[PDB]
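The structure appears below as structure tokens.
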Amino acid sequence: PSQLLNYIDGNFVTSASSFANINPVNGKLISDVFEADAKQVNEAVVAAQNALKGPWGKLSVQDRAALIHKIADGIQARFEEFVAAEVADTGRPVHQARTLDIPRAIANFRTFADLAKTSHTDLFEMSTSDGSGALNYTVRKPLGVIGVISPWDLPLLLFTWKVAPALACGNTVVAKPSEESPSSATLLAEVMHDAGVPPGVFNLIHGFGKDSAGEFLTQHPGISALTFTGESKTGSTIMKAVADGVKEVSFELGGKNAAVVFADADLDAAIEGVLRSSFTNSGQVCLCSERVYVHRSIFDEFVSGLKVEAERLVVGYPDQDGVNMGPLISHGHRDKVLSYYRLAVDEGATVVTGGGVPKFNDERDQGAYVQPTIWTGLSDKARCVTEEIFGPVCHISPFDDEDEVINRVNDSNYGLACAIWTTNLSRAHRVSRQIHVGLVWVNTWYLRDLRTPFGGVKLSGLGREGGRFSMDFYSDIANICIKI
Amino acid sequence: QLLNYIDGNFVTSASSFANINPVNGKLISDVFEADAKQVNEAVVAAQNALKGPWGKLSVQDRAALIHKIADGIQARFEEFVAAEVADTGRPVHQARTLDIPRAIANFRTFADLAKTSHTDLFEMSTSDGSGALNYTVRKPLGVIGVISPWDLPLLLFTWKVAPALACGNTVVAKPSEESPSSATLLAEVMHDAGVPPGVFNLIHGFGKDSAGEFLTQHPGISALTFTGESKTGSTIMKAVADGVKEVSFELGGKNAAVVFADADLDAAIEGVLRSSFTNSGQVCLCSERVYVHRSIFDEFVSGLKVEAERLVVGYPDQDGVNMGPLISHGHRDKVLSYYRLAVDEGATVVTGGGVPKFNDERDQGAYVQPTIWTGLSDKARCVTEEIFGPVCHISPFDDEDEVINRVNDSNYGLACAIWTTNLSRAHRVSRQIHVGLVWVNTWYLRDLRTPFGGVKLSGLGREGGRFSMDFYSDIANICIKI
Amino acid sequence: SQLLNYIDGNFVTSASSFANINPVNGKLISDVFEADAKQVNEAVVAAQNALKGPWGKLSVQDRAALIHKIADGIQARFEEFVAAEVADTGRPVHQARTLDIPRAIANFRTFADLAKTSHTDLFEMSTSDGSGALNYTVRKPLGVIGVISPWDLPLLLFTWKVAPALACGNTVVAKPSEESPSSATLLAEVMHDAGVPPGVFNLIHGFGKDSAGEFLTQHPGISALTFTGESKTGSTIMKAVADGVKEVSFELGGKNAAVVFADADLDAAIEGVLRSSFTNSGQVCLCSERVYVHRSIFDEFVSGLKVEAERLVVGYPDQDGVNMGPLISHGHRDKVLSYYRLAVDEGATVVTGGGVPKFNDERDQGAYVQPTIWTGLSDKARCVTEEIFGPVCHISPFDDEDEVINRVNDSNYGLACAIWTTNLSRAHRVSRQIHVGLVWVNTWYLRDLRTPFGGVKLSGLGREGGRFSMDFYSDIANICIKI
Amino acid sequence: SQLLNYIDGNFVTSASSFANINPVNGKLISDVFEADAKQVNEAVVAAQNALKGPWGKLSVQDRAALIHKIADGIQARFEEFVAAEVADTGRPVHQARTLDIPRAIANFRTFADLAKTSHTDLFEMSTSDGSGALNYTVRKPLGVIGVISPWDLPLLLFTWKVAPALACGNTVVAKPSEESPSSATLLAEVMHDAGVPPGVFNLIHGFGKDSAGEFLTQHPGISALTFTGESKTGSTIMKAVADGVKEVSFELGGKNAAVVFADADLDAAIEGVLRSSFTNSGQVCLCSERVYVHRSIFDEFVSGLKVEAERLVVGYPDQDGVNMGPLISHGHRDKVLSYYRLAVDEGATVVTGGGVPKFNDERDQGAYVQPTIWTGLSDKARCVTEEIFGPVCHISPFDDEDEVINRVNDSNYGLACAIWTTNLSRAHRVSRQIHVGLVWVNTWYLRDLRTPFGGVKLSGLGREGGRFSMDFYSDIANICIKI
Ligand SMILES: NC(=O)c1ccc[n+]([C@@H]2O[C@H](COP(=O)([O-])OP(=O)(O)OC[C@H]3O[C@@H](n4cnc5c(N)ncnc54)[C@H](O)[C@@H]3O)[C@@H](O)[C@H]2O)c1
Ligand SMILES: NC(=O)c1ccc[n+]([C@@H]2O[C@H](COP(=O)([O-])OP(=O)(O)OC[C@H]3O[C@@H](n4cnc5c(N)ncnc54)[C@H](O)[C@@H]3O)[C@@H](O)[C@H]2O)c1
Ligand code: NA
Ligand code: NA
Ligand code: NA
Ligand code: NA
């Protein structure tokens, strides 16, 4: 049907082999995607290094920012095409693509263009023995060639989350989107081309990880940095792969995030919030809550309430009326999720709702759907309470005491996000600062200010991105000291 | 004898190893090597200390306690001088003016930064019209693993330790096997200042199959900050990858100095002498490559030769001394093998090129002579590989763009010194040098607030000023929906 | 027994003297030499000259080191400063030991630290010729700072201005309140003993109009006038420096509210408002003289506050369990009593106090009044709108959140506000809507010295504290290099 | 042609009208309605009210998008705006196309972007009970900003104040110079067409004393007065707002120096000084009217400048290769020629110019003068010390670096300075010692809108640009939460 090409040194190019892009709604072939080989990857990196010496490297910060705004304009002008591309690849509801995914990708470019325009560096004066003094000033320069490897849960959002600041800081890019979701990135390349981004500045390579484009990219000595969002295990692998070149790295990895509902929470608001934090994108967001802790005094009522709301969720077509949830990304991912559904029963869970796959009795039965699922009854040590499942599921457990629940939230090798529900002023601030995660929300979930630092602790990440943190990571910070 | 310091106690080990004075090859002390069991004990005690009295100090009180650590060092100044000198053979004057005062400055400066540092507040609108607040907070990262080298032992040791403690972390610190004494005195100051048990832990030993490796492998740490060789950095980066530990690396360099035709020539010769031979060339920041404009080349080399030959090589306390020995015999071996390699590569030996004769104990030491080469290609191994001795190669250049390209044609990128009196040239050329630090008309001048680090193989991340306050802290974002 | 000026490194007397009077008993405690215009000029000129001297040559590190020595010198004479503050003001010894003196010391240490750690900015830009340019900023001393301070927190407010002034490398001509000259004089001594170069810090005594205060504000030799005191005086001063376009920084009056919502920790709010209304006998610019309490807890709040207010021990600064000393002066008490009288005329119910206590001893010769609580006045009453500056508050009920926000903001002042509530959204939602420089939630007068401090409307001009002081007390210059 | 006030979303006329006069030929350009006190009041009330309308409800993001639309509206009418600026002032068309109009558009865009990216501060602190506290700051609109602007760079300086005011969520009552009312009026059209809510931006026309300008500064309804103009006028406005303790920001006069050191690129310095003395016919606050040149190159410098100055084309704004239009007005020319005579009387050597060109056409009815260069005056001459605001410079030799620094600083003004040297150390060492707000090395009037801008001494009060504007045009509030 469609073909998704690579984009290398200003041209769309095919490849020797291609792989299948499968619509998870109905199991059908969407497109063939040409897999970049090591030769093509090297050509992309070499093109990126050279482009640093071309027109791009000569642009003022203002001209660079203006061009980046043009990239955003071009996405905006093809908004519905990008919507259709994200949807076809992932089965996400159209409304979500229209309200979250595509706007945020546009916003990624604008915000970092803006940050680039307004950012400055530092001036330090000092005295010296000869009483004449000295000046130290800092400058931001492009780091060089940035390798980008991105996942399939929020394909264009996370892809642009990395590409936007990379370009805003004057770097050049070689980027490999998830093999599960390569469409919107390919459209982005067309927008880059049409906007007049110079050849070699942005390069798109398609492929898998190991023994494919992903691995070839991480191993190339020509990149200056590798920014990556994905599985924790994959982060470790990549970190080993770039260690010999001491490449700069930035990792946003797994999580087993908790939501906590205190007895003084607005209960209806918390039920709705947790529904959202557990089942958005069918539980396929790094930020989703797979552990929920609810005060003993409201536990039964919270659980009954969430069950009803979960069962009201419409699981169906992306453009179906009132749809809330699409399928999982792939049959392969469904197999992982269902084996955890199985594991939970074996570990002693009560299945409050879901626990299987919906039966549609139409073509969607050939897709990769599962049911939104709630468990109770597992110990804090259960595998299903400790390992990231990355599906539409949450286990819910009671607690009695604030310090107790804080300790249970923190008792994890992960540390990405946490959502806390309480109407109490002191409790909100006191509790939040004690959660060992990069991001806490109070009385909401996944509310984003793009200027904030974003990242995780422990196995969930290395480094911070967002705002000035991206401006620092994607730049060479250099100190120049002048003796006066 | 030098003991480990673990959970408030000085403890011995099943193995000890020799601390050899490099001036005369004499034994200074036996050093107990921490085994894996003891490294685990240091790490567990570090973790627990976070939950004790240390973790409950206000920022102001923490900073006060840190200023007390600095006072402790100052009150035992000469004792610290003596330890640094003994281990390494550095000139007494260098220790008194550079090494020890900087260590004190390290603690004081980061104490001050901690007291005055703040974070950010972001306001935003939301659909419902009520809005939201996002604010950031800096928390202790947790347990910081510190592994440090021998060139500037106390300075570099405390360059990591001070911000780590100022940010409320606890520390397991492993100083170089070549220079364990001043770090052991520090553990004494820490103890006498009433730093809670477990907050600062000193473990002695080597790298592979030793305390260093054991530290980097321990899942209980939250970060590893390292200063040493590039290949060691790569190794440690691999070691901590499975736990995805935060890392900060300051690694090797092959730094260049550049003398433009319009430089103040006498100041340039003096500056490059300092940048080449300070601490006997054993500083990561030393210039081992020098580029001089063709029109002043011969005059420069002659002038440098003379100055280089007036340098006094001898006892650390021998009045007028300029250079002590290299850190060790093993290290002199490496340096001498490079001395041979330069000749085999076709170098003219303008001066030095071997080892001085003393006819006393110093011949049992590990001395070499300050050495200057000319006549090698940019691709010669002695021009590209870090020697870490008191040596430089000098090469003529003709064009500005030429010398910039030649400076950057390196797998390293730590620092560069440039000499010129021209305003435009100074700033135009500076911004093009692909390194972490550029000095103009000076060398190794340091403001502790500035970002410090290297690019390419010379490092990962930046430390100093807010970059240390950021690295040694968890930055967390809290979002309140209103 | 004699308080001298400190000019160009010398303690000097003056032509005229005035009486420093203990408000506990009305007894003369010292004679204070009033600086005339000639001595004021001499002080400014000496401060100008010191800029060109060793002080101008100090590195920021060295300067900060010396400022810490000043702090050390206050610490070493801690109890004498306490005695000095107490003697002049009648404030409880406990307050002087825990609030007044330690904050003066912290003032010097904090701004020395800020000076040591502050840096400025680098901006890169592109140029037509493609070579680019660099813009960088530096902080330089502004010059000579004229400091004028009030009597409510004498040493705290005096050092609140002098510390950053000196931290930024300025020289200083400072004029403390006629009512409280003692601690400033001891501070001169500490400067002297610390070896602060002559002319760097100059202390002139006197009054305002037609005296040392007036003369300083009109001297063309100063680069800036920072002032804390009455709003009308701020206006006067602003006109006086106009011809010179001097930099100005004003912290002026207020009529601050406290608001207690139905979901507040009622016991904590009662204690809180008690502190906010009667601390330093209600003689702090930040004090709450208007209080709004939700209808559902009004009666219970007023009853609880009455009991606590009546438990307050009014007496000698070193009297065991003392909570309140006297007002600053007999003249100040006469104003406060004229307001007590006015409240009654305006129809107030006097919940407690409303007059002066009878001690039957020397205190009856001093300047005491009772802690006083009113109810029953409308928002337009003069006792509800004009700053009294005594140990008093009016309490009014309210019903709605938007209502009480409007009544708080319906004022020509806008210094500070305290809000009591346990609700998270309300705390943040209400706080941001109060038109003042400083809001506290579930506390009062908690100070982080890094934060901007100041008022809006008639309560001020500019901000001080942290980065704001480093900016105000500095010349910020941009240097632009074409490459 | 006719220029109306813009109030509460409506263009309105007035009882009084005055003439807009083309300085090129003395012809009438338009009539301008002078707003009276009633209308100024109407503007301020409208502005106050608009704070409570739709404007006050916009998110920072949406407010910023609107401001970008304002900039779009000026871009869409670019040439009309060029025509207006040129007509009012006689400035070269080229300068209006490359400096004046583009900077106005950039002003709005830059502050819109600053608003979008700016954040405030979070301070944590410990407390006695061990639970801690949070201090956070927020930026809120200050309120109604009164803006009063001069005629040297009409739209640039007008929008330099209007853009940050609107970006910080304030509402505006703005009074452009009587000499240059056109572009501001066209700006009102752009705002209207972009759908800026009524009352958010108000335009009042008139003069100073007994007119719109004075009335604006006296109105108790404004929250701040930002002003650019003569030093004396700044002093007057500062007195006028003092009773309200209104926030103030002043960018005032200057008598700026250029310094040419012996190691300067001589040709570049000659060209640079020519630009800095004669651009906009010397009618820019940033122009150099004093020039110091090292003795060794003095004669060579003066000769070169004389020749370059005599090659300058003085004529029509669109004339081929024109360098200078006329002065703003015959009245201003009268003042300038008065200074031309005075210099002769003070004993100056007129190196070039010193009179008015003879055109033999309609330009003879205009307000032209010749670019003029003087030598031989002492540092104390009136012509070397008072701001002339015409196309003129005096040149004097110096021998020593410390000497010339002292001579540059020996002034009651302190706006800007341009320095010419090829030496690295000297550029940085000398620049930091010059007591002005802005120094340029090897260039002049190079602007980065993020930098602090302002002057010292009589040249101003406070800073604007970048974070400094974000601070001046906002209420900075501190909110302290006890946890
Ligand atoms: N970039 C900088 O700022 C900086 C500063 C000083 C020194 N250096 C570099 O340090 C080097 C010289 O010092 P060095 O010889 O001690 O370097 P090194 O790598 O051999 O040793 C450094 C430290 O790491 C430890 N170590 C060695 N192997 C280890 C391992 N496998 N696991 C854990 N720890 C291990 C050592 O015991 C020692 O404490 C030079 O390359 C020099 O450039 C760099
Ligand atoms: N906003 C704040 O932070 C703050 C802090 C403390 C006090 N205050 C205010 O201070 C007032 C009480 O103190 P006060 O009675 O001493 O006020 P005041 O303004 O009458 O006197 C203050 C100082 O200014 C001097 N002074 C008086 N007239 C002067 C003049 N014409 N020119 C120059 N100096 C003059 C006085 O001698 C004294 O030193 C209260 O209104 C209180 O709110 C405000
Ligand atoms: Na797919
Ligand atoms: Na040794
Ligand atoms: Na008194
Ligand atoms: Na006109």
Side-chain angles (χ1 to χ4, degrees), chain A residues 55 57-66 116-142 169-170 262 264-266 269 420-432 441-444 475 477-482 484, chain C residues 54 56-65 115-141 168-169 261 263-265 268 419-431 440-443 474 476-481 483:
Chain A
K58 277 55 164 284
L59 294 169
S60 67
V61 166
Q62 288 281 342
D63 289 340
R64 202 156 75 222
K117 273 176 307 189
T118 66
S119 273
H120 59 75
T121 41
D122 299 337
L123 192 290
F124 310 94
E125 296 195 298
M126 60 180 296
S127 286
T128 53
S129 305
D130 42 317
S132 213
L135 283 184
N136 290 256
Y137 68 93
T138 63
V139 297
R140 283 189 171 101
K141 291 137 68 149
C169 287
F262 289 99
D264 61 19
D266 178 334
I420 284 166
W421 294 83
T422 177
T423 59
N424 186 284
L425 167 70
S426 284
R427 176 168 312 160
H429 300 290
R430 180 179 60 249
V431 173
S432 297
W441 293 283
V442 187
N443 299 335
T444 189
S475 298
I477 315 296
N479 190 69
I480 301 166
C481 176
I482 293 160
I484 297 174
Chain C
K57 304 313 186 308
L58 294 177
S59 68
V60 175
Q61 304 294 314
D62 288 324
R63 200 166 60 213
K116 255 184 301 180
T117 58
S118 292
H119 59 88
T120 42
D121 304 329
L122 194 285
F123 308 95
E124 285 187 278
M125 71 181 318
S126 274
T127 55
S128 284
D129 74 350
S131 275
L134 285 178
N135 285 274
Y136 69 94
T137 68
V138 293
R139 280 187 173 103
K140 300 186 298 196
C168 292
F261 287 98
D263 62 35
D265 176 337
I419 281 141
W420 292 83
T421 177
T422 54
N423 188 274
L424 169 70
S425 295
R426 181 187 274 95
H428 292 290
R429 176 177 73 239
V430 170
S431 287
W440 288 290
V441 181
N442 299 336
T443 183
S474 293
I476 306 281
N478 191 74
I479 297 159
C480 173
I481 312 289
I483 299 183

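To find a chain, count down the sequence lines: A is the first, B the second, and so on, and within it residues start at 1.
In this structure, the separation between OG on A/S426 and CG on C/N423 is 11.5 Å, given to the nearest 0.5 Å. Atoms OG and CG, from C/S126 and A/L59 in turn, are 9.0 Å apart once rounded to the nearest 0.5 Å.
Looking at A/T422, only its backbone comes within 4.5 Å of chain C, counting heavy atoms on both sides. In this structure, chain A has a heavy atom under 4.5 Å from the backbone of C/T137, while its side chain stays farther away. For chain C, no part of A/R427 is nearby; none of its heavy atoms comes within less than 4.5 Å.
The only member of A/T121, A/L123, A/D122 that meets side-chain contact (heavy atoms from CB on, under 4.5 Å) when paired with C/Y136 is A/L123.
Ring planes of C/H119 and A/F124: tilted class, angle from 30 to 60°.
What you find for C/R139 and A/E125 is that their closest heavy atoms are O-OE1, 4.4 Å.
Per-residue counts of heavy-atom pairs under 4.5 Å with chain C were compared for A/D264, A/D63, A/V61, A/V139; the largest is that of A/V139.
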* To do: Report the C-alpha distance between A/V442 and C/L424 in whole Å, list the side-chain angles of each, state the deciding distance to 0.1 Å, and finish with yes or no for side-chain contact (heavy atoms from CB on, under 4.5 Å).
  => CA-CA 10 Å; A/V442 187; C/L424 169 70; 3.8 Å; yes
